$ cat query-v4.txt   # compact mmCIF, N, CA and C atoms
# COMPACT_ATOMS: atom_id res chain seq x y z
N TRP H 754 -16.77 -18.00 29.10
CA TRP H 754 -18.24 -18.08 29.24
C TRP H 754 -18.95 -17.33 28.16
N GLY H 755 -18.29 -16.35 27.53
CA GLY H 755 -18.96 -15.64 26.39
C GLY H 755 -17.89 -15.81 25.38
N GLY H 756 -18.13 -16.33 24.17
CA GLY H 756 -16.95 -16.72 23.36
C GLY H 756 -16.15 -15.47 23.03
N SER H 757 -15.00 -15.59 22.31
CA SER H 757 -14.38 -14.43 21.69
C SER H 757 -13.63 -14.85 20.53
N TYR H 758 -13.83 -14.12 19.42
CA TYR H 758 -13.09 -14.29 18.19
C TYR H 758 -11.83 -13.44 17.95
N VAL H 759 -10.67 -14.02 18.25
CA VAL H 759 -9.41 -13.43 18.02
C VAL H 759 -9.23 -12.93 16.57
N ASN H 760 -9.32 -13.80 15.57
CA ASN H 760 -8.99 -13.22 14.33
C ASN H 760 -9.10 -14.24 13.29
N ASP H 761 -8.44 -14.18 12.13
CA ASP H 761 -8.85 -15.13 11.04
C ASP H 761 -7.82 -16.11 10.52
N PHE H 762 -7.94 -17.34 10.94
CA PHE H 762 -7.23 -18.41 10.26
C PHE H 762 -7.70 -18.62 8.83
N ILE H 763 -7.04 -19.49 8.10
CA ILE H 763 -7.56 -19.93 6.75
C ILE H 763 -7.80 -21.37 6.48
N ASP H 764 -9.05 -21.79 6.31
CA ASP H 764 -9.30 -23.31 6.01
C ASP H 764 -9.22 -23.52 4.57
N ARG H 765 -8.35 -24.42 4.06
CA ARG H 765 -8.51 -24.89 2.61
C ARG H 765 -8.86 -23.76 1.70
N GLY H 766 -8.10 -22.62 1.80
CA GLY H 766 -8.26 -21.41 0.90
C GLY H 766 -9.56 -20.69 0.96
N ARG H 767 -10.09 -20.50 2.15
CA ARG H 767 -11.35 -19.86 2.34
C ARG H 767 -11.12 -19.34 3.77
N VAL H 768 -10.78 -17.99 3.81
CA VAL H 768 -10.64 -17.28 5.06
C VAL H 768 -11.92 -17.65 5.78
N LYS H 769 -11.77 -18.04 7.06
CA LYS H 769 -12.80 -18.44 8.09
C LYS H 769 -12.31 -17.87 9.62
N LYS H 770 -13.23 -17.72 10.60
CA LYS H 770 -13.12 -17.16 11.89
C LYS H 770 -12.30 -18.04 12.89
N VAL H 771 -11.82 -17.46 14.01
CA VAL H 771 -11.14 -18.18 15.11
C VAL H 771 -11.53 -17.56 16.48
N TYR H 772 -12.12 -18.37 17.38
CA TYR H 772 -12.72 -18.06 18.70
C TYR H 772 -12.09 -18.91 19.83
N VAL H 773 -11.93 -18.28 20.99
CA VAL H 773 -11.30 -18.84 22.14
C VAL H 773 -12.54 -18.85 23.01
N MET H 774 -12.72 -19.88 23.83
CA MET H 774 -13.85 -19.98 24.73
C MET H 774 -13.67 -21.20 25.64
N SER H 775 -14.48 -21.29 26.69
CA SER H 775 -14.36 -22.50 27.56
C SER H 775 -15.00 -23.83 27.07
N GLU H 776 -14.35 -24.95 27.31
CA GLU H 776 -14.87 -26.20 26.94
C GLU H 776 -16.17 -26.23 27.58
N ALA H 777 -17.19 -26.73 26.91
CA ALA H 777 -18.52 -26.74 27.54
C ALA H 777 -18.36 -27.07 29.02
N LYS H 778 -18.12 -28.34 29.29
CA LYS H 778 -17.92 -28.76 30.71
C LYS H 778 -17.27 -27.79 31.75
N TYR H 779 -16.79 -26.60 31.39
CA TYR H 779 -16.26 -25.69 32.44
C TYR H 779 -16.99 -24.37 32.51
N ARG H 780 -18.27 -24.43 32.09
CA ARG H 780 -19.22 -23.31 32.05
C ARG H 780 -20.73 -23.71 32.10
N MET H 781 -21.14 -24.61 33.00
CA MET H 781 -22.54 -24.97 33.00
C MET H 781 -23.30 -24.67 34.25
N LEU H 782 -22.64 -24.27 35.34
CA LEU H 782 -23.42 -23.93 36.54
C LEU H 782 -22.58 -22.95 37.29
N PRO H 783 -23.18 -22.09 38.13
CA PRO H 783 -22.52 -20.91 38.69
C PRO H 783 -21.30 -21.27 39.42
N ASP H 784 -21.28 -22.46 39.98
CA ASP H 784 -20.16 -22.96 40.79
C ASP H 784 -18.85 -23.17 40.02
N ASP H 785 -18.89 -23.05 38.68
CA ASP H 785 -17.77 -23.34 37.77
C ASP H 785 -17.04 -22.04 37.68
N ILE H 786 -17.76 -20.95 37.93
CA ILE H 786 -17.11 -19.68 37.84
C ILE H 786 -16.07 -19.67 38.89
N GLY H 787 -15.86 -20.81 39.52
CA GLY H 787 -14.78 -20.97 40.48
C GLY H 787 -13.55 -21.69 39.93
N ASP H 788 -13.36 -21.68 38.64
CA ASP H 788 -12.24 -22.49 38.16
C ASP H 788 -11.26 -21.52 37.66
N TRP H 789 -11.76 -20.45 37.12
CA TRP H 789 -10.92 -19.44 36.62
C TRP H 789 -10.27 -18.56 37.74
N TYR H 790 -8.96 -18.36 37.59
CA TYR H 790 -8.13 -17.49 38.40
C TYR H 790 -7.48 -16.61 37.38
N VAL H 791 -6.69 -15.66 37.83
CA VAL H 791 -6.30 -14.61 36.92
C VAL H 791 -5.00 -14.02 37.37
N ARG H 792 -3.90 -14.20 36.61
CA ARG H 792 -2.55 -13.65 36.99
C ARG H 792 -2.69 -12.25 37.29
N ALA H 793 -2.23 -11.91 38.49
CA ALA H 793 -2.17 -10.56 38.99
C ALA H 793 -0.84 -10.05 38.54
N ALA H 794 -0.49 -8.86 39.04
CA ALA H 794 0.81 -8.28 38.67
C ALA H 794 1.95 -8.91 39.44
N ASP H 795 1.68 -9.48 40.63
CA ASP H 795 2.71 -10.25 41.35
C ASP H 795 2.92 -11.69 40.92
N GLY H 796 2.46 -12.05 39.71
CA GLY H 796 2.37 -13.44 39.31
C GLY H 796 1.47 -14.33 40.18
N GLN H 797 0.96 -13.86 41.32
CA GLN H 797 0.20 -14.79 42.19
C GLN H 797 -1.14 -15.08 41.49
N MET H 798 -1.50 -16.35 41.21
CA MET H 798 -2.80 -16.60 40.58
C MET H 798 -3.94 -16.40 41.56
N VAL H 799 -4.77 -15.38 41.33
CA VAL H 799 -5.95 -15.10 42.15
C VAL H 799 -7.29 -15.52 41.50
N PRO H 800 -8.27 -15.96 42.31
CA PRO H 800 -9.55 -16.37 41.85
C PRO H 800 -10.65 -15.41 42.09
N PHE H 801 -11.50 -15.27 41.09
CA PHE H 801 -12.70 -14.47 41.19
C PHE H 801 -13.31 -14.31 42.58
N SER H 802 -13.44 -15.38 43.37
CA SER H 802 -14.11 -15.29 44.67
C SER H 802 -13.18 -14.62 45.61
N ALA H 803 -12.83 -13.40 45.32
CA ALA H 803 -11.81 -12.76 46.05
C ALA H 803 -11.75 -11.31 45.57
N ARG G 653 7.86 -6.38 -35.89
CA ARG G 653 8.89 -7.22 -36.39
C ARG G 653 10.16 -6.61 -35.90
N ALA G 654 10.42 -5.40 -36.39
CA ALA G 654 11.60 -4.59 -36.01
C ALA G 654 11.96 -4.68 -34.49
N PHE G 655 10.96 -5.06 -33.70
CA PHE G 655 11.12 -5.25 -32.29
C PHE G 655 11.41 -6.67 -31.95
N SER G 656 11.08 -7.61 -32.85
CA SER G 656 11.66 -8.93 -32.66
C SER G 656 13.16 -8.62 -32.77
N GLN G 657 14.05 -9.61 -32.79
CA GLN G 657 15.49 -9.31 -32.75
C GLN G 657 15.83 -8.38 -31.54
N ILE G 658 15.16 -8.61 -30.39
CA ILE G 658 15.42 -7.87 -29.13
C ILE G 658 15.65 -8.88 -28.02
N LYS G 659 16.75 -8.69 -27.30
CA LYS G 659 17.10 -9.42 -26.07
C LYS G 659 15.88 -9.89 -25.36
N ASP G 660 16.08 -10.80 -24.41
CA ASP G 660 15.00 -11.26 -23.51
C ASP G 660 14.00 -10.13 -23.12
N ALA G 661 13.16 -9.71 -24.07
CA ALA G 661 12.17 -8.71 -23.81
C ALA G 661 11.02 -8.69 -24.82
N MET G 662 10.03 -9.58 -24.71
CA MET G 662 8.94 -9.58 -25.70
C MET G 662 8.45 -8.17 -25.87
N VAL G 663 8.59 -7.59 -27.06
CA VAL G 663 8.05 -6.27 -27.33
C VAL G 663 7.05 -6.27 -28.47
N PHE G 664 5.77 -6.27 -28.16
CA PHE G 664 4.73 -6.28 -29.19
C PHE G 664 4.39 -4.89 -29.63
N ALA G 665 3.60 -4.78 -30.69
CA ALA G 665 2.90 -3.51 -31.04
C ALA G 665 1.60 -3.85 -31.76
N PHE G 666 0.57 -3.05 -31.54
CA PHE G 666 -0.73 -3.42 -32.06
C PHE G 666 -1.70 -2.27 -32.06
N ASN G 667 -2.69 -2.33 -32.93
CA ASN G 667 -3.57 -1.22 -33.07
C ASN G 667 -4.78 -1.47 -32.21
N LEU G 668 -5.17 -0.47 -31.41
CA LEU G 668 -6.34 -0.64 -30.53
C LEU G 668 -7.61 -0.92 -31.36
N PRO G 669 -8.64 -1.52 -30.76
CA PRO G 669 -9.91 -1.79 -31.43
C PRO G 669 -10.86 -0.59 -31.52
N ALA G 670 -11.85 -0.60 -32.43
CA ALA G 670 -12.78 0.54 -32.59
C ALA G 670 -13.33 1.14 -31.30
N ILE G 671 -13.85 0.31 -30.42
CA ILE G 671 -14.46 0.84 -29.23
C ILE G 671 -13.65 0.47 -27.99
N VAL G 672 -12.43 1.01 -27.88
CA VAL G 672 -11.51 0.70 -26.75
C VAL G 672 -12.17 -0.11 -25.60
N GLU G 673 -13.09 0.51 -24.88
CA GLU G 673 -13.79 -0.14 -23.76
C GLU G 673 -15.00 -0.89 -24.29
N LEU G 674 -14.82 -2.18 -24.67
CA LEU G 674 -15.86 -3.06 -25.25
C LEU G 674 -15.23 -4.41 -25.64
N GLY G 675 -16.11 -5.37 -26.00
CA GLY G 675 -15.78 -6.78 -26.38
C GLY G 675 -14.88 -7.01 -27.60
N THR G 676 -13.61 -7.30 -27.30
CA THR G 676 -12.47 -7.36 -28.23
C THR G 676 -12.65 -8.33 -29.40
N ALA G 677 -11.55 -8.99 -29.81
CA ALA G 677 -11.54 -10.09 -30.83
C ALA G 677 -12.80 -10.95 -30.76
N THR G 678 -13.05 -11.60 -31.88
CA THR G 678 -14.03 -12.71 -31.93
C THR G 678 -13.62 -13.86 -30.95
N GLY G 679 -12.37 -13.82 -30.45
CA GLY G 679 -11.85 -14.83 -29.55
C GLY G 679 -12.74 -15.24 -28.39
N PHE G 680 -12.16 -15.98 -27.47
CA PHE G 680 -12.93 -16.29 -26.29
C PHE G 680 -12.11 -15.92 -25.07
N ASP G 681 -12.83 -15.80 -23.95
CA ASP G 681 -12.38 -15.60 -22.63
C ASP G 681 -12.98 -16.71 -21.76
N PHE G 682 -12.11 -17.54 -21.22
CA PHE G 682 -12.48 -18.70 -20.44
C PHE G 682 -11.81 -18.45 -19.13
N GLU G 683 -12.33 -19.10 -18.08
CA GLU G 683 -11.90 -19.03 -16.71
C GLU G 683 -12.11 -20.47 -16.17
N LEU G 684 -11.03 -21.07 -15.65
CA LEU G 684 -11.03 -22.31 -14.99
C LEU G 684 -11.15 -22.04 -13.45
N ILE G 685 -12.12 -22.71 -12.76
CA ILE G 685 -12.54 -22.60 -11.43
C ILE G 685 -12.00 -23.67 -10.51
N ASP G 686 -11.83 -23.44 -9.24
CA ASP G 686 -11.04 -24.27 -8.34
C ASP G 686 -12.11 -25.15 -7.74
N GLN G 687 -13.34 -24.71 -8.07
CA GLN G 687 -14.53 -25.35 -7.56
C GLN G 687 -14.33 -26.26 -6.36
N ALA G 688 -13.22 -26.15 -5.58
CA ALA G 688 -13.17 -26.92 -4.22
C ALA G 688 -11.72 -27.02 -3.78
N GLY G 689 -11.50 -27.36 -2.53
CA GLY G 689 -10.10 -27.62 -2.07
C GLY G 689 -9.01 -27.21 -3.08
N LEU G 690 -8.45 -28.21 -3.80
CA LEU G 690 -7.39 -27.99 -4.75
C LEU G 690 -6.66 -26.53 -4.55
N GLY G 691 -5.42 -26.54 -4.10
CA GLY G 691 -4.83 -25.24 -4.02
C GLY G 691 -4.37 -24.56 -5.33
N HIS G 692 -3.75 -23.36 -5.13
CA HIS G 692 -3.07 -22.77 -6.29
C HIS G 692 -2.53 -23.90 -7.32
N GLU G 693 -1.91 -24.96 -6.73
CA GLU G 693 -0.95 -25.81 -7.50
C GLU G 693 -1.77 -26.85 -8.37
N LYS G 694 -2.55 -27.62 -7.62
CA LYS G 694 -3.57 -28.38 -8.20
C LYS G 694 -4.22 -27.60 -9.28
N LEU G 695 -4.23 -26.30 -9.21
CA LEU G 695 -4.99 -25.71 -10.27
C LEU G 695 -4.05 -25.32 -11.34
N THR G 696 -2.82 -25.74 -11.23
CA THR G 696 -1.90 -25.06 -12.08
C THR G 696 -1.65 -26.27 -12.87
N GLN G 697 -1.12 -27.34 -12.26
CA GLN G 697 -1.39 -28.72 -12.86
C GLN G 697 -2.78 -28.76 -13.58
N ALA G 698 -3.81 -28.20 -12.96
CA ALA G 698 -5.06 -28.30 -13.57
C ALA G 698 -4.98 -27.62 -14.89
N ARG G 699 -4.42 -26.43 -14.89
CA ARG G 699 -4.51 -25.53 -16.04
C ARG G 699 -3.62 -26.09 -17.11
N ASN G 700 -2.45 -26.55 -16.71
CA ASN G 700 -1.49 -26.89 -17.70
C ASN G 700 -1.86 -28.12 -18.44
N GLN G 701 -2.69 -28.98 -17.81
CA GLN G 701 -3.31 -30.13 -18.44
C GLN G 701 -4.04 -29.72 -19.66
N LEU G 702 -5.09 -28.92 -19.51
CA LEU G 702 -5.86 -28.45 -20.65
C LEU G 702 -5.15 -27.49 -21.64

$ encode --input "query-v4.txt" --output "structure tokens"
Amino acid sequence: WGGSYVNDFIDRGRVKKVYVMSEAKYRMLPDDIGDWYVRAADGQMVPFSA
Amino acid sequence: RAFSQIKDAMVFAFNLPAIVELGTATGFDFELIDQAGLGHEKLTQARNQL
């Protein structure tokens, strides 16, 4: 939901940026914040609404 | 000369110019630009052409 720039790839000999972020369609209304879950230490995937 | 007649080792000798830090020989200094894409190699082919 807020992008993040990992680090720097290289395009055609011109160092340029690299960002990880959600595809638009999975960040447009509050109800989407229900798609993301998050590996806990027990491997069990848990979701924010929790 | 005396340094010619030396194994695989170009050994020159030469007298520095009047104003060490300043514009040398009447010669020229040219720089060929990659002005786009073309990698190292393209430019090497590029250079060796001219």

$ residues_around --input "query-v4.txt" --residues "residue 683 of chain G" --least-positions-apart "6" --cutoff "12 Å" --atoms "only C-alpha atoms" --output "mmCIF file with N, CA and C atoms, in the coordinates of the input"
data_model
loop_
_atom_site.group_PDB
_atom_site.id
_atom_site.type_symbol
_atom_site.label_atom_id
_atom_site.label_comp_id
_atom_site.auth_asym_id
_atom_site.auth_seq_id
_atom_site.Cartn_x
_atom_site.Cartn_y
_atom_site.Cartn_z
ATOM 1 N N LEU G 695 -4.230 -26.300 -9.210
ATOM 2 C CA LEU G 695 -4.990 -25.710 -10.270
ATOM 3 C C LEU G 695 -4.050 -25.320 -11.340
ATOM 4 N N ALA G 698 -3.810 -28.200 -12.960
ATOM 5 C CA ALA G 698 -5.060 -28.300 -13.570
ATOM 6 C C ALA G 698 -4.980 -27.620 -14.890
ATOM 7 N N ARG G 699 -4.420 -26.430 -14.890
ATOM 8 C CA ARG G 699 -4.510 -25.530 -16.040
ATOM 9 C C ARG G 699 -3.620 -26.090 -17.110
ATOM 10 N N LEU G 702 -5.090 -28.920 -19.510
ATOM 11 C CA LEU G 702 -5.860 -28.450 -20.650
ATOM 12 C C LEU G 702 -5.150 -27.490 -21.640
#

$ residues_around --input "query-v4.txt" --residues "segment 797-803 of chain H" --least-positions-apart "6" --cutoff "7 Å" --atoms "all atoms listed in the file" --output "number ranges by chain"
H: 786-791

$ interface_residues --input "query-v4.txt" --of "chain G" --to "chain H" --cutoff "8 Å" --atoms "only N, CA and C atoms" --output "list in words"
residues 688, 689, 690, 691 and 692 of chain G

$ atom_distance --input "query-v4.txt" --atom1 "atom C of residue 772 of chain H" --atom2 "atom CA of residue 792 of chain H"
20.3 Å

$ atom_distance --input "query-v4.txt" --atom1 "atom CA of residue 779 of chain H" --atom2 "atom CA of residue 755 of chain H"
12.0 Å

$ select_by_dssp --input "query-v4.txt" --residues "chain G" --states "alpha helix (DSSP H)" --output "PDB file with N, CA and C atoms, keeping the file's coordinate frame"
ATOM      1  N   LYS G 694      -2.550 -27.620  -7.620  1.00  0.00           N
ATOM      2  CA  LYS G 694      -3.570 -28.380  -8.200  1.00  0.00           C
ATOM      3  C   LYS G 694      -4.220 -27.600  -9.280  1.00  0.00           C
ATOM      4  N   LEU G 695      -4.230 -26.300  -9.210  1.00  0.00           N
ATOM      5  CA  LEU G 695      -4.990 -25.710 -10.270  1.00  0.00           C
ATOM      6  C   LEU G 695      -4.050 -25.320 -11.340  1.00  0.00           C
ATOM      7  N   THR G 696      -2.820 -25.740 -11.230  1.00  0.00           N
ATOM      8  CA  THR G 696      -1.900 -25.060 -12.080  1.00  0.00           C
ATOM      9  C   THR G 696      -1.650 -26.270 -12.870  1.00  0.00           C
ATOM     10  N   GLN G 697      -1.120 -27.340 -12.260  1.00  0.00           N
ATOM     11  CA  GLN G 697      -1.390 -28.720 -12.860  1.00  0.00           C
ATOM     12  C   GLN G 697      -2.780 -28.760 -13.580  1.00  0.00           C
ATOM     13  N   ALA G 698      -3.810 -28.200 -12.960  1.00  0.00           N
ATOM     14  CA  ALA G 698      -5.060 -28.300 -13.570  1.00  0.00           C
ATOM     15  C   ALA G 698      -4.980 -27.620 -14.890  1.00  0.00           C
ATOM     16  N   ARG G 699      -4.420 -26.430 -14.890  1.00  0.00           N
ATOM     17  CA  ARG G 699      -4.510 -25.530 -16.040  1.00  0.00           C
ATOM     18  C   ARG G 699      -3.620 -26.090 -17.110  1.00  0.00           C
ATOM     19  N   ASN G 700      -2.450 -26.550 -16.710  1.00  0.00           N
ATOM     20  CA  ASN G 700      -1.490 -26.890 -17.700  1.00  0.00           C
ATOM     21  C   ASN G 700      -1.860 -28.120 -18.440  1.00  0.00           C
ATOM     22  N   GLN G 701      -2.690 -28.980 -17.810  1.00  0.00           N
ATOM     23  CA  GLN G 701      -3.310 -30.130 -18.440  1.00  0.00           C
ATOM     24  C   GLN G 701      -4.040 -29.720 -19.660  1.00  0.00           C
TER      25      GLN G 701
END

$ select_by_dssp --input "query-v4.txt" --residues "segment 769-803 of chain H" --states "strand (DSSP E)" --output "count of residues only"
9

$ decode --input "query-v4.txt" --residues "segment 671-683 of chain G" --atoms "N, CA, C and O atoms" --output "mmCIF file, in the first residue's frame"
data_model
loop_
_atom_site.group_PDB
_atom_site.id
_atom_site.type_symbol
_atom_site.label_atom_id
_atom_site.label_comp_id
_atom_site.auth_asym_id
_atom_site.auth_seq_id
_atom_site.Cartn_x
_atom_site.Cartn_y
_atom_site.Cartn_z
ATOM 1 N N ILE G 671 54.782 23.615 -18.925
ATOM 2 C CA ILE G 671 53.902 23.857 -17.811
ATOM 3 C C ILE G 671 53.186 22.565 -17.403
ATOM 4 O O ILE G 671 51.970 22.470 -17.558
ATOM 5 N N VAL G 672 53.940 21.584 -16.888
ATOM 6 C CA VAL G 672 53.393 20.260 -16.489
ATOM 7 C C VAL G 672 51.841 20.190 -16.504
ATOM 8 O O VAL G 672 51.237 19.555 -17.380
ATOM 9 N N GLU G 673 51.195 20.901 -15.590
ATOM 10 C CA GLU G 673 49.732 20.923 -15.486
ATOM 11 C C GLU G 673 49.182 21.995 -16.419
ATOM 12 O O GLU G 673 49.072 23.141 -15.973
ATOM 13 N N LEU G 674 48.886 21.632 -17.687
ATOM 14 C CA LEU G 674 48.388 22.535 -18.751
ATOM 15 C C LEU G 674 48.284 21.752 -20.080
ATOM 16 O O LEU G 674 48.771 20.589 -20.172
ATOM 17 N N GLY G 675 47.657 22.407 -21.082
ATOM 18 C CA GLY G 675 47.381 21.880 -22.448
ATOM 19 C C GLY G 675 48.571 21.476 -23.325
ATOM 20 O O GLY G 675 49.213 22.310 -23.951
ATOM 21 N N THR G 676 48.802 20.165 -23.387
ATOM 22 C CA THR G 676 49.978 19.488 -23.959
ATOM 23 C C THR G 676 50.258 19.826 -25.424
ATOM 24 O O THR G 676 50.090 20.973 -25.837
ATOM 25 N N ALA G 677 50.733 18.829 -26.186
ATOM 26 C CA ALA G 677 50.926 18.907 -27.676
ATOM 27 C C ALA G 677 49.862 19.764 -28.349
ATOM 28 O O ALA G 677 48.732 19.995 -27.813
ATOM 29 N N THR G 678 50.239 20.234 -29.529
ATOM 30 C CA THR G 678 49.259 20.820 -30.473
ATOM 31 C C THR G 678 48.157 19.770 -30.854
ATOM 32 O O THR G 678 47.095 20.151 -31.355
ATOM 33 N N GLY G 679 48.394 18.488 -30.530
ATOM 34 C CA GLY G 679 47.467 17.415 -30.839
ATOM 35 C C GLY G 679 46.008 17.653 -30.517
ATOM 36 O O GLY G 679 45.562 18.773 -30.226
ATOM 37 N N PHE G 680 45.227 16.593 -30.598
ATOM 38 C CA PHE G 680 43.861 16.744 -30.188
ATOM 39 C C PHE G 680 43.536 15.662 -29.178
ATOM 40 O O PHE G 680 44.289 14.695 -29.061
ATOM 41 N N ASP G 681 42.441 15.904 -28.448
ATOM 42 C CA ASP G 681 41.793 15.065 -27.527
ATOM 43 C C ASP G 681 40.326 14.964 -27.947
ATOM 44 O O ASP G 681 39.579 15.942 -27.809
ATOM 45 N N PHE G 682 39.911 13.760 -28.312
ATOM 46 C CA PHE G 682 38.594 13.491 -28.819
ATOM 47 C C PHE G 682 38.074 12.462 -27.867
ATOM 48 O O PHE G 682 38.865 11.694 -27.350
ATOM 49 N N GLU G 683 36.735 12.355 -27.802
ATOM 50 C CA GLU G 683 35.979 11.473 -26.956
ATOM 51 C C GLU G 683 34.759 11.064 -27.830
ATOM 52 O O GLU G 683 33.994 11.951 -28.293
#
